[PDB]
Amino acid sequence: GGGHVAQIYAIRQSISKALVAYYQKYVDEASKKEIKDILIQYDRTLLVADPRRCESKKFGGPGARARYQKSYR
Amino acid sequence: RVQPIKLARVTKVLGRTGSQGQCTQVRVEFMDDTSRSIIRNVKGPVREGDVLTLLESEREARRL
Amino acid sequence: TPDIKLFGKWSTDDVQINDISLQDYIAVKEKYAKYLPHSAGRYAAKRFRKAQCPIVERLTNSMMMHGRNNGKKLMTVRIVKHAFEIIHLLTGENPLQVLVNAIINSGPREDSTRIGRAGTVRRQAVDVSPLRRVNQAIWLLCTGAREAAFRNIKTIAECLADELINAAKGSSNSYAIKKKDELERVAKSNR
Amino acid sequence: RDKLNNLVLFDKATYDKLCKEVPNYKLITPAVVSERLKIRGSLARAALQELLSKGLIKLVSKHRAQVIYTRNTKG
Amino acid sequence: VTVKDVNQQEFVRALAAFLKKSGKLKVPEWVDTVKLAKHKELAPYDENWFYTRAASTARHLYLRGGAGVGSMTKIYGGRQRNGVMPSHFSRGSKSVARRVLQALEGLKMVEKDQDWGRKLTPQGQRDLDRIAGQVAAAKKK
Amino acid sequence: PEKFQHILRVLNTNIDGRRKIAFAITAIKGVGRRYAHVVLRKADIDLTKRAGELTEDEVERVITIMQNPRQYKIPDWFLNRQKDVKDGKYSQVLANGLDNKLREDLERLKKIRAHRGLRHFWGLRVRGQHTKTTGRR
RNA sequence: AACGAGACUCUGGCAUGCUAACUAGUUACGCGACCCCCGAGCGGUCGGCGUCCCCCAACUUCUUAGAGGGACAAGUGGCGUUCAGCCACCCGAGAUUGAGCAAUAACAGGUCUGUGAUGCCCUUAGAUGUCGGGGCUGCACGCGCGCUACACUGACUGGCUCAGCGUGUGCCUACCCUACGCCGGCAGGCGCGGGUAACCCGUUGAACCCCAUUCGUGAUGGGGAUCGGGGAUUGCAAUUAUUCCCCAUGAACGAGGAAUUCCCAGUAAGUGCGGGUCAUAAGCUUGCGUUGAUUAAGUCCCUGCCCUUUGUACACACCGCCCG
């Protein structure tokens with residue numbers, strides 16, 4: 001899914017979340033917290049999914065906020 | 001008659017003028033000496049604590 | 001990567017915004033070092049937030065201009081990474097420091113606004129905010145590099161390096177430096 | 001203006017100019033060679049790859065789009 | 001290295017050359033004349049290119065269950081400049097890819113797969129893996 | 001490396017030598033880019049160079065292929081004049097000779113008085129296009 | 001108190017929670033095999049990416065669609081009648097994801113060519129109710145929406161390479177989507193075989209893009225106009241090109257005056273795709289994902305419309321009504 005950059009961001013998030021999910025069931029909590037700390041600090045969203053998503057285009061423009069063209073008379 | 005350059009730090013953001021609404025009123029703590037405090041008009045986006053570089057250092061505006 | 005969070009490979013630490021006030025909408029990383037001039041980046045919602053954005057990325061974004069070039073960040077990131085390398089070859093240093101310097105040096109301190117003035121509308125000398133100083137500078141340099149690069153053999157990365165270097169120590173060779181002095185000169189009259 | 005006309009084949013003496021100059025420059029790309037001589041751009045290129053021989057010039061990035069070369073490896 | 005181990009450009013570059021040395025692939029006499037895609041602007045600068053496509057395809061098949069020419073035409077197919085009209089896909093030739101598929105068979109790299117589509121053979125699977133190693137081995141760099 | 005020519009002539013056109021062969025050739029009427037590109041490939045030249053470079057040899061070799069393309073693994077579909085009609089040719093018209101045949105063809109259907117002919121004669125259009133709003137200047 | 005707004009409904013993100021799934025997948029076997037040696041080992045054997053086996057394996061995490069919960073600006077801190085609210089900050093999806101629903105009352109707004117809605121009128125056998133053929137498509141000139149462009153952030157050739165909204169035949173009367181083999185440079189031709197579809201086309205292996213080369217700043221390789229010849233597809237019929245291709249001919253355009261549209265976040269812009277029209281025919285419209293900024297964060301200056309107060313010889317209402 002997504003496309004070329006889209007994919008990169010997803011895989012990196014999956015990996016860091018992965019590592020933390022793993023320290024949460026097998027290792028100890030302080031370690032995983034240490035990791036969420038380093039990520040969350042410097043970050044990039046690594047452990048939290050960015051919301052931002054397509055807005056729907058509305059008749060009268062070919063984009064969502066873009067409105068066609070007018071000449072008046 | 002004159003030249004110098006003055007550093008001044010934003011104390012309190014007053015509100016907005018220009019009929020277009022694009023100049024922001026400001027109150028400035030005079031940086032090199034705090035015992036000064038004056039009102040200056042701004043082009044850009046300004047927020048408390050950041051710094052102006054005053055040419056004129058008297059003047060002290062109002063509307064326009 | 002684990003020792004210190006360098007840039008493509010450049011250190012954030014030890015770069016100092018040599019200019020009080022500007023300090024701080026130029027965002028290096030009073031902790032924020034990253035790796036790449038690309039991010040999901042939500043800057044738009046708030047008025048200020050943009051300041052948070054790393055200046056490098058801010059510069060990279062301004063790079064992708066002109067209808068055709070819109071949205072080509074990968075291209076800009078590529079250009080930016082190259083430019084830093086050219087700058088480094090040209091003076092050692094941190095090219096990022098070089099970048100910051102050009103930005104500090106270019107923001108018009110004073111400017112002019114078109115005050116109504118009755119008739120023969122005169123223009124009022126006003127001082128310029130630091131956000132504007134940063135915003136304006138990055139334009140100037142980008143417009144400078146882009147304008148130069150267009151009919152010449154030389155690449156944007158190169159023209160960018162040239163604009164950045166000349167500006168870092170304000171050579172006035174630069175388009176941007178000449179523009180800033182022009183805007184400021186205008187500010188002073190009017191008053 | 002800017003009308004550019006380029007020497008598109010080697011002229012001996014221009015071969016000498018190349019190896020006896022280019023060690024002068026810190027930056028060399030296609031454009032440099034073109035402006036500072038009057039090289040084709042096509043024959044700029046071939047001069048770059050050749051120069052990288054065992055180099056007069058040294059690679060720091062030849063991004064598909066761009067070579068970026070430095071002065072040779074002096075003091 | 002699995003072929004998956006080696007970067008696509010070097011893998012294809014090395015294999016394509018290996019094929020060239022082997023000297024026995026086979027080649028619609030044309031190949032001098034052909035564009036390779038109606039979309040195409042000019043033919044291929046490397047008139048030598050028949051080998052590169054073959055390598056590319058062999059690698060392409062090894063990756064996947066089975067593929068056929070239509071897919072390749074599209075893969076090779078780029079965007080075609082309508083001129084006045086906006087640009088659109090145009091799956092690239094079918095003779096070249098077919099001939100490529102037929103020729104590869106001769107070497108046994110690939111064989112007709114069940115339910116249509118050509119699949120890599122174990123002979124090819126072995127051959128690609130072998131060159132893949134050679135490429136990995138060459139050097140670091 | 002070496003030098004020479006700038007400025008060489010093939011069959012009745014002057015061909016800038018500085019220029020790359022493929023592109024250099026395309027001055028000749030009837031040699032478009034797809035043409036000249038395939039002709040040269042046929043004609044054995046190091047593709048890598050400038051028309052001004054190369055030999056008198058290679059030149060005749062380009063010309064010979066250019067006016068007998070069929071006889072060199074150039075397919076007919078690559079050709080300007082398939083199906084002649086007057087001779088049921090195939091052909092690839094070249095040089096001054098393209099202007100010529102263009103004239104012929106226009107004359108042919110002007111003699112015959114066909115509407116296209118008429119259109120060409122008044123200096124309008126012959127493909128089905130609207131003539132109300134454009135081609136006005 | 002009610003009406004519009006809102007609440008309301010719809011769509012889409014946060015749910016290792018819920019109940020589930022062979023017309024959806026995943027794990028993980030049993031996994032052998034194909035089986036490669038890719039590395040190690042002399043090899044048996046070990047670790048290894050996929051395909052295939054399918055199973056009396058297991059699952060619901062991705063996928064799915066149903067029910068569940070979450071946002072109330074909740075806590076805290078400044079500000080304000082210390083109120084209503086405003087701003088910052090935390091958890092975290094953050095107060096504002098984006099639409100749909102629209103009153104009172106109007107208009108000589110548009111529509112008789114949507115209407116077997118319709119009046120009157122007109123016509124009605126020498127029809128103003130159908131077939132053959134053309135116009136609608138006639139070109140000194142102006143206008144509007146658009147498309148494509150003006151190149152080295154590019155044009156090119158090889159090569160990395162991922163998707164999503166949607167769609168189909170077995171049809172109100174003639175007919176589908178099409179993978180795969182072969183022939184052809186192409187365009188396309190030809191032989192098959194599945195699919196009322198979450199099964200198949202289609203892990204939509206898209207395109208931008210990324211990249212190793214070439215070009216080199218020349219209207220040139222930017223651009224693709226116009227025209228000539230020619231190949232094929234749709235149709236009984238394409239000539240007035242339906243369209244597509246192949247070659248050739250290779251235009252203006254090297255940044256756009258007066259003016260002027262639209263726009264605040266997946267937004268502008270680039271970029272492909274699918275649906276509608278449809279026998280054939282997209283430069284269109286109409287969504288969809290992909291790549292993704294610059295920039296106000298406000299205000300009433302211009303413009304437009306409604307809020308008071310005020311003036312009015314206006315009231316078919318300034319596009320209105322005053323002197324010689």
# chains A, B, ... in the order shown; residues from 1 in each chain; ligands from 1

$ residues_around --residues "residue 17 in chain F" --least-positions-apart "2" --cutoff "6 Å" --atoms "only C-alpha atoms (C1' of nucleotides)" --output "VMD selection string"
chain F and resid 6 to 7 19 51 to 52

$ write_last_selection --atoms "C-alpha atoms" --output "PDB file, in the first residue's frame"
ATOM      1  CA  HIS F   6      33.362  21.713 -39.888  1.00  0.00           C
ATOM      2  CA  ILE F   7      30.792  21.936 -42.714  1.00  0.00           C
ATOM      3  CA  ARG F  19      26.797  18.671 -34.409  1.00  0.00           C
ATOM      4  CA  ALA F  51      29.390  14.795 -37.668  1.00  0.00           C
ATOM      5  CA  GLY F  52      32.470  16.922 -38.284  1.00  0.00           C
TER       6      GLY F  52
END

$ residues_around --residues "range 31-40 of chain G" --least-positions-apart "4" --cutoff "6 Å" --atoms "only C-alpha atoms (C1' of nucleotides)" --output "list in words"
residues 1, 2 and 126 of chain E

$ write_last_selection --atoms "C-alpha atoms" --output "PDB file, in the first residue's frame"
ATOM      1  CA  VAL E   1      23.336 -14.220  -1.947  1.00  0.00           C
ATOM      2  CA  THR E   2      19.729 -15.542  -3.139  1.00  0.00           C
ATOM      3  CA  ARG E 126      20.582 -22.483 -10.074  1.00  0.00           C
TER       4      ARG E 126
END

$ residues_around --residues "residue 51 in chain B" --least-positions-apart "4" --cutoff "9 Å" --atoms "only C-alpha atoms (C1' of nucleotides)" --output "PyMOL selection string"
(chain B and resi 7-10+28+31+46) or (chain C and resi 20-22+129-130)

$ write_last_selection --atoms "N, CA, C and O atoms" --output "JSON list (two decimals), in the first residue's frame"
[["chain", "number", "residue", "atom", "x", "y", "z"],
["B", 7, "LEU", "N", 19.02, 46.76, 19.86],
["B", 7, "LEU", "CA", 18.35, 45.51, 20.20],
["B", 7, "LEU", "C", 17.25, 45.75, 21.21],
["B", 7, "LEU", "O", 17.47, 46.43, 22.20],
["B", 8, "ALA", "N", 16.07, 45.19, 20.93],
["B", 8, "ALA", "CA", 14.88, 45.30, 21.79],
["B", 8, "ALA", "C", 14.09, 44.00, 21.82],
["B", 8, "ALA", "O", 13.87, 43.37, 20.80],
["B", 9, "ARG", "N", 13.62, 43.62, 23.01],
["B", 9, "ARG", "CA", 12.91, 42.36, 23.22],
["B", 9, "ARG", "C", 11.41, 42.54, 23.53],
["B", 9, "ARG", "O", 11.03, 43.39, 24.34],
["B", 10, "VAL", "N", 10.58, 41.73, 22.88],
["B", 10, "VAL", "CA", 9.12, 41.86, 22.97],
["B", 10, "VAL", "C", 8.59, 41.55, 24.37],
["B", 10, "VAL", "O", 8.81, 40.44, 24.87],
["B", 28, "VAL", "N", 8.35, 46.88, 23.71],
["B", 28, "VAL", "CA", 9.73, 46.37, 23.80],
["B", 28, "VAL", "C", 10.62, 46.78, 25.01],
["B", 28, "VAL", "O", 10.90, 47.95, 25.23],
["B", 31, "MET", "N", 16.58, 45.74, 26.17],
["B", 31, "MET", "CA", 17.69, 44.82, 25.92],
["B", 31, "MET", "C", 19.02, 45.20, 26.57],
["B", 31, "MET", "O", 19.56, 44.46, 27.40],
["B", 46, "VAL", "N", 5.08, 38.07, 14.97],
["B", 46, "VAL", "CA", 5.88, 38.24, 16.19],
["B", 46, "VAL", "C", 5.19, 37.64, 17.39],
["B", 46, "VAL", "O", 3.98, 37.77, 17.54],
["C", 20, "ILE", "N", 21.82, 37.27, 18.00],
["C", 20, "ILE", "CA", 20.79, 37.28, 18.99],
["C", 20, "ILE", "C", 19.52, 37.68, 18.31],
["C", 20, "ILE", "O", 19.54, 38.35, 17.28],
["C", 21, "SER", "N", 18.39, 37.24, 18.89],
["C", 21, "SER", "CA", 17.03, 37.37, 18.47],
["C", 21, "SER", "C", 16.72, 36.28, 17.48],
["C", 21, "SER", "O", 15.91, 35.41, 17.78],
["C", 22, "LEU", "N", 17.50, 36.15, 16.39],
["C", 22, "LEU", "CA", 17.20, 35.19, 15.36],
["C", 22, "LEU", "C", 17.16, 33.81, 15.93],
["C", 22, "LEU", "O", 16.58, 32.91, 15.33],
["C", 129, "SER", "N", 9.99, 41.62, 12.03],
["C", 129, "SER", "CA", 10.04, 40.57, 13.00],
["C", 129, "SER", "C", 11.01, 39.51, 12.58],
["C", 129, "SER", "O", 11.34, 39.35, 11.41],
["C", 130, "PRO", "N", 11.49, 38.80, 13.57],
["C", 130, "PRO", "CA", 12.43, 37.74, 13.35],
["C", 130, "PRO", "C", 11.87, 36.57, 12.60],
["C", 130, "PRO", "O", 12.64, 35.85, 11.97]]

$ interface_residues --of "chain C" --to "chain G" --cutoff "10 Å" --atoms "only C-alpha atoms (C1' of nucleotides)" --output "PyMOL selection string"
chain C and resi 42-48+58+60-76+79+116+139+146+149-157

$ interface_residues --of "chain D" --to "chain C" --cutoff "8 Å" --atoms "only C-alpha atoms" --output "list in words"
residues 26, 30, 31, 61, 68 and 70 of chain D

$ residues_around --residues "residue 2 in chain C" --least-positions-apart "5" --cutoff "12 Å" --atoms "only C-alpha atoms (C1' of nucleotides)" --output "list in words"
residues 38 of chain A; 34 and 35 of chain C

$ atom_distance --atom1 "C1' of residue 201 in chain G" --atom2 "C1' of residue 178 in chain G"
5.5 Å

$ closest_residue --among "C:39, C:113, C:94, C:120" --to "chain A" --atoms "only C-alpha atoms"
C:39

$ interface_residues --of "chain A" --to "chain G" --cutoff "9 Å" --atoms "only C-alpha atoms (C1' of nucleotides)" --output "list in words"
residues 1, 2, 3, 4, 5, 7, 49, 50, 51, 52, 53, 54, 55, 56, 57, 58, 59, 63, 64, 65, 66, 67, 68, 69, 70, 71, 72 and 73 of chain A

$ residues_around --residues "residue 36 in chain C" --least-positions-apart "6" --cutoff "10 Å" --atoms "only C-alpha atoms (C1' of nucleotides)" --output "list in words"
residues 6, 7, 8, 9, 56, 57, 77, 78, 80 and 81 of chain C

$ write_last_selection --atoms "N, CA, C and O atoms" --output "tab-separated table (two decimals), in the first residue's frame"
chain	number	residue	atom	x	y	z
C	6	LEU	N	24.10	12.59	13.83
C	6	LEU	CA	24.59	13.51	12.84
C	6	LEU	C	23.57	13.64	11.75
C	6	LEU	O	22.51	13.02	11.79
C	7	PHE	N	23.89	14.62	10.91
C	7	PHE	CA	23.25	14.94	9.65
C	7	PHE	C	23.80	14.03	8.57
C	7	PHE	O	24.74	13.28	8.80
C	8	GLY	N	23.18	14.09	7.40
C	8	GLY	CA	23.38	13.09	6.39
C	8	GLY	C	24.61	12.44	6.92
C	8	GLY	O	24.71	11.22	6.94
C	9	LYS	N	25.60	13.29	7.18
C	9	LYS	CA	26.71	13.06	8.09
C	9	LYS	C	27.30	14.40	8.54
C	9	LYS	O	28.42	14.73	8.15
C	56	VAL	N	17.09	23.46	8.07
C	56	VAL	CA	17.55	22.79	6.89
C	56	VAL	C	16.37	22.41	6.05
C	56	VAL	O	16.31	22.77	4.87
C	57	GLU	N	15.41	21.72	6.64
C	57	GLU	CA	14.25	21.25	5.90
C	57	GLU	C	13.51	22.45	5.33
C	57	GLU	O	13.01	22.41	4.21
C	77	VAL	N	15.72	17.24	-1.40
C	77	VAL	CA	16.54	16.65	-0.39
C	77	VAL	C	17.85	16.27	-1.01
C	77	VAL	O	18.91	16.43	-0.41
C	78	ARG	N	17.77	15.74	-2.23
C	78	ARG	CA	18.96	15.34	-2.97
C	78	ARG	C	19.84	16.55	-3.26
C	78	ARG	O	21.06	16.47	-3.18
C	80	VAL	N	19.80	19.38	-1.54
C	80	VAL	CA	20.33	19.92	-0.33
C	80	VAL	C	21.52	19.13	0.12
C	80	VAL	O	22.54	19.70	0.49
C	81	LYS	N	21.44	17.80	0.05
C	81	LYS	CA	22.52	16.96	0.54
C	81	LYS	C	23.81	17.23	-0.24
C	81	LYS	O	24.89	17.29	0.33

$ interface_residues --of "chain E" --to "chain G" --cutoff "6 Å" --atoms "only C-alpha atoms (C1' of nucleotides)" --output "list in words"
residues 1, 2, 9, 34, 44, 65, 83, 84, 85, 116, 117 and 126 of chain E

$ atom_distance --atom1 "CA of residue 54 in chain E" --atom2 "CA of residue 73 in chain F"
22.2 Å

$ select_by_dssp --residues "chain F" --states "helix (DSSP H, G or I)" --output "compact mmCIF listing (two decimals) with N, CA, C and O atoms, in the first residue's frame"
# COMPACT_ATOMS: atom_id res chain seq x y z
N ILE F 21 26.24 13.34 -35.22
CA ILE F 21 25.81 12.78 -36.52
C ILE F 21 24.31 12.58 -36.64
O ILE F 21 23.68 13.26 -37.44
N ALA F 22 23.77 11.67 -35.85
CA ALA F 22 22.33 11.46 -35.81
C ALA F 22 21.54 12.75 -35.92
O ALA F 22 20.69 12.87 -36.79
N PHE F 23 21.79 13.68 -35.01
CA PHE F 23 21.20 15.03 -35.06
C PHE F 23 21.65 15.87 -36.26
O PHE F 23 20.84 16.54 -36.89
N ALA F 24 22.95 15.83 -36.55
CA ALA F 24 23.51 16.53 -37.69
C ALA F 24 22.86 16.18 -39.01
O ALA F 24 22.69 17.06 -39.86
N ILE F 25 22.60 14.90 -39.21
CA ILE F 25 21.98 14.40 -40.42
C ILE F 25 20.58 14.96 -40.56
O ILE F 25 20.14 15.31 -41.66
N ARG F 33 14.61 12.13 -36.89
CA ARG F 33 15.45 11.58 -35.84
C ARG F 33 15.45 10.06 -35.75
O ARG F 33 16.50 9.44 -35.57
N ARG F 34 14.28 9.44 -35.89
CA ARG F 34 14.19 7.97 -35.84
C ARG F 34 14.95 7.29 -36.99
O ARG F 34 15.64 6.29 -36.79
N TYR F 35 14.91 8.16 -38.10
CA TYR F 35 15.86 7.86 -39.22
C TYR F 35 17.14 7.84 -39.37
O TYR F 35 17.86 6.89 -39.44
N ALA F 36 17.51 8.79 -38.95
CA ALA F 36 18.94 9.04 -38.96
C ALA F 36 19.62 8.24 -37.88
O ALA F 36 20.75 7.85 -38.04
N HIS F 37 18.89 8.02 -36.79
CA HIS F 37 19.37 7.19 -35.70
C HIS F 37 19.56 5.74 -36.14
O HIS F 37 20.53 5.09 -35.74
N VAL F 38 18.63 5.23 -36.95
CA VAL F 38 18.69 3.83 -37.33
C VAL F 38 19.62 3.65 -38.49
O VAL F 38 20.26 2.63 -38.59
N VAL F 39 19.70 4.65 -39.35
CA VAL F 39 20.62 4.61 -40.47
C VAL F 39 22.05 4.47 -39.96
O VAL F 39 22.83 3.65 -40.46
N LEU F 40 22.38 5.24 -38.93
CA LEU F 40 23.75 5.30 -38.44
C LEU F 40 24.13 4.01 -37.79
O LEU F 40 25.25 3.52 -37.95
N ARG F 41 23.19 3.46 -37.02
CA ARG F 41 23.39 2.18 -36.36
C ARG F 41 23.68 1.11 -37.40
O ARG F 41 24.53 0.24 -37.20
N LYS F 42 22.97 1.17 -38.53
CA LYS F 42 23.20 0.24 -39.61
C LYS F 42 24.60 0.45 -40.17
O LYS F 42 25.28 -0.51 -40.56
N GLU F 56 35.37 10.15 -44.89
CA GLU F 56 34.62 10.24 -46.13
C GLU F 56 33.97 8.89 -46.37
O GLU F 56 32.83 8.79 -46.80
N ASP F 57 34.73 7.84 -46.06
CA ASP F 57 34.23 6.46 -46.09
C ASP F 57 32.88 6.31 -45.42
O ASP F 57 31.87 6.01 -46.06
N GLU F 58 32.84 6.61 -44.13
CA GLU F 58 31.66 6.35 -43.34
C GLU F 58 30.52 7.13 -43.98
O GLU F 58 29.39 6.66 -44.02
N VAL F 59 30.83 8.32 -44.49
CA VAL F 59 29.78 9.15 -45.06
C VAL F 59 29.05 8.50 -46.25
O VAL F 59 27.82 8.45 -46.26
N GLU F 60 29.79 7.97 -47.21
CA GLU F 60 29.16 7.34 -48.35
C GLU F 60 28.33 6.20 -47.80
O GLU F 60 27.24 5.90 -48.29
N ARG F 61 28.88 5.55 -46.78
CA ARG F 61 28.25 4.38 -46.16
C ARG F 61 26.91 4.77 -45.52
O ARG F 61 25.96 3.99 -45.52
N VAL F 62 26.84 5.97 -44.98
CA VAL F 62 25.58 6.42 -44.44
C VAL F 62 24.63 6.66 -45.60
O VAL F 62 23.50 6.23 -45.59
N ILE F 63 25.12 7.33 -46.63
CA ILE F 63 24.26 7.68 -47.74
C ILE F 63 23.77 6.46 -48.46
O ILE F 63 22.61 6.40 -48.87
N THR F 64 24.64 5.49 -48.62
CA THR F 64 24.26 4.32 -49.37
C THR F 64 23.12 3.62 -48.67
O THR F 64 22.19 3.12 -49.32
N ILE F 65 23.17 3.60 -47.34
CA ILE F 65 22.15 2.90 -46.56
C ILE F 65 20.86 3.68 -46.55
O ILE F 65 19.78 3.11 -46.54
N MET F 66 21.03 5.00 -46.58
CA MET F 66 19.97 5.96 -46.43
C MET F 66 19.03 5.82 -47.64
O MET F 66 17.82 5.89 -47.45
N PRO F 69 17.36 1.60 -47.90
CA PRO F 69 17.28 1.20 -46.48
C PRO F 69 16.80 -0.22 -46.37
O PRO F 69 17.22 -1.00 -45.55
N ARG F 70 15.90 -0.56 -47.28
CA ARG F 70 15.25 -1.85 -47.22
C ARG F 70 16.36 -2.86 -47.29
O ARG F 70 16.29 -3.93 -46.67
N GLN F 71 17.40 -2.54 -48.06
CA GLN F 71 18.43 -3.55 -48.37
C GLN F 71 19.42 -3.75 -47.23
O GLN F 71 20.50 -4.30 -47.43
N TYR F 72 19.03 -3.29 -46.04
CA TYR F 72 19.88 -3.26 -44.84
C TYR F 72 19.09 -3.55 -43.55
O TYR F 72 19.28 -2.86 -42.55
N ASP F 76 10.21 -2.04 -43.83
CA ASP F 76 9.47 -1.04 -44.57
C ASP F 76 8.61 -0.17 -43.62
O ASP F 76 8.38 1.01 -43.92
N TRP F 77 8.13 -0.70 -42.51
CA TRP F 77 7.33 0.20 -41.80
C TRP F 77 7.91 1.44 -41.30
O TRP F 77 7.19 2.41 -41.41
N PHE F 78 9.28 1.39 -41.15
CA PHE F 78 10.07 2.54 -40.81
C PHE F 78 10.09 3.62 -41.89
O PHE F 78 10.70 4.65 -41.71
N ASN F 96 16.21 16.75 -51.56
CA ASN F 96 15.41 17.71 -52.32
C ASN F 96 14.17 17.02 -52.80
O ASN F 96 13.21 17.67 -53.20
N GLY F 97 14.22 15.69 -52.76
CA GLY F 97 13.25 14.85 -53.42
C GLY F 97 11.95 14.73 -52.67
O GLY F 97 10.96 14.23 -53.21
N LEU F 98 11.99 15.15 -51.42
CA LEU F 98 10.78 15.10 -50.61
C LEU F 98 9.89 16.26 -51.00
O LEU F 98 8.70 16.05 -51.25
N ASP F 99 10.46 17.46 -51.11
CA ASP F 99 9.71 18.62 -51.58
C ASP F 99 9.01 18.28 -52.90
O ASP F 99 7.83 18.59 -53.09
N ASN F 100 9.76 17.60 -53.77
CA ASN F 100 9.29 17.18 -55.09
C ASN F 100 8.00 16.37 -54.99
O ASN F 100 6.95 16.77 -55.49
N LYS F 101 8.10 15.23 -54.31
CA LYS F 101 6.98 14.30 -54.22
C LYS F 101 5.80 14.95 -53.53
O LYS F 101 4.65 14.78 -53.95
N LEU F 102 6.06 15.72 -52.48
CA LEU F 102 5.00 16.55 -51.88
C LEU F 102 4.25 17.34 -52.94
O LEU F 102 3.01 17.37 -52.94
N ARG F 103 4.99 17.98 -53.85
CA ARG F 103 4.36 18.73 -54.92
C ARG F 103 3.51 17.79 -55.77
O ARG F 103 2.33 18.02 -55.97
N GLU F 104 4.12 16.72 -56.25
CA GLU F 104 3.39 15.75 -57.05
C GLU F 104 2.06 15.40 -56.44
O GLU F 104 1.01 15.60 -57.06
N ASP F 105 2.09 14.87 -55.22
CA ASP F 105 0.90 14.39 -54.53
C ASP F 105 -0.19 15.44 -54.49
O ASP F 105 -1.36 15.11 -54.66
N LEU F 106 0.19 16.69 -54.25
CA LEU F 106 -0.79 17.77 -54.20
C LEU F 106 -1.38 18.04 -55.57
O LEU F 106 -2.57 18.33 -55.70
N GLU F 107 -0.52 17.95 -56.58
CA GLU F 107 -0.93 18.16 -57.94
C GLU F 107 -1.88 17.07 -58.32
O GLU F 107 -2.88 17.32 -58.95
N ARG F 108 -1.56 15.84 -57.92
CA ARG F 108 -2.33 14.70 -58.37
C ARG F 108 -3.78 14.88 -58.08
O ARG F 108 -4.61 14.73 -58.97
N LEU F 109 -4.08 15.22 -56.84
CA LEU F 109 -5.45 15.35 -56.40
C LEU F 109 -6.00 16.74 -56.64
O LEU F 109 -7.13 17.02 -56.32
N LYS F 110 -5.20 17.61 -57.25
CA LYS F 110 -5.73 18.87 -57.79
C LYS F 110 -6.16 18.72 -59.24
O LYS F 110 -7.18 19.25 -59.64
N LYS F 111 -5.36 18.00 -60.01
CA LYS F 111 -5.79 17.54 -61.33
C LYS F 111 -7.15 16.89 -61.15
O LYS F 111 -8.15 17.41 -61.62
N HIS F 115 -11.81 17.22 -53.36
CA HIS F 115 -12.03 18.35 -52.46
C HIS F 115 -10.75 18.68 -51.70
O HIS F 115 -10.45 19.86 -51.49
N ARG F 116 -9.99 17.67 -51.29
CA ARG F 116 -8.73 17.94 -50.61
C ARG F 116 -7.86 18.84 -51.46
O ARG F 116 -7.38 19.88 -51.00
N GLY F 117 -7.69 18.44 -52.72
CA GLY F 117 -6.93 19.21 -53.68
C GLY F 117 -7.40 20.64 -53.65
O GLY F 117 -6.61 21.58 -53.47
N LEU F 118 -8.71 20.80 -53.76
CA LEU F 118 -9.25 22.14 -53.79
C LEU F 118 -8.82 22.92 -52.55
O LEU F 118 -8.36 24.06 -52.66
N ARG F 119 -8.89 22.25 -51.39
CA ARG F 119 -8.54 22.86 -50.10
C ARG F 119 -7.10 23.37 -50.10
O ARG F 119 -6.83 24.50 -49.70
N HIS F 120 -6.21 22.52 -50.59
CA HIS F 120 -4.81 22.87 -50.68
C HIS F 120 -4.68 24.06 -51.60
O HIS F 120 -3.87 24.95 -51.37
N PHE F 121 -5.49 24.08 -52.67
CA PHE F 121 -5.34 25.14 -53.63
C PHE F 121 -5.72 26.52 -53.09
O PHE F 121 -5.06 27.53 -53.40
N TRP F 122 -6.79 26.56 -52.28
CA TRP F 122 -7.24 27.81 -51.68
C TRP F 122 -6.40 28.09 -50.46
O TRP F 122 -6.31 29.20 -50.02

$ interface_residues --of "chain B" --to "chain C" --cutoff "8 Å" --atoms "only C-alpha atoms" --output "number ranges by chain"
B: 40-46, 50-55, 64

$ closest_residue --among "E:77, E:14, E:89, E:96" --to "residue 138 in chain E" --atoms "only C-alpha atoms"
E:14

$ interface_residues --of "chain G" --to "chain B" --cutoff "8 Å" --atoms "only C-alpha atoms (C1' of nucleotides)" --output "PyMOL selection string"
chain G and resi 298-301
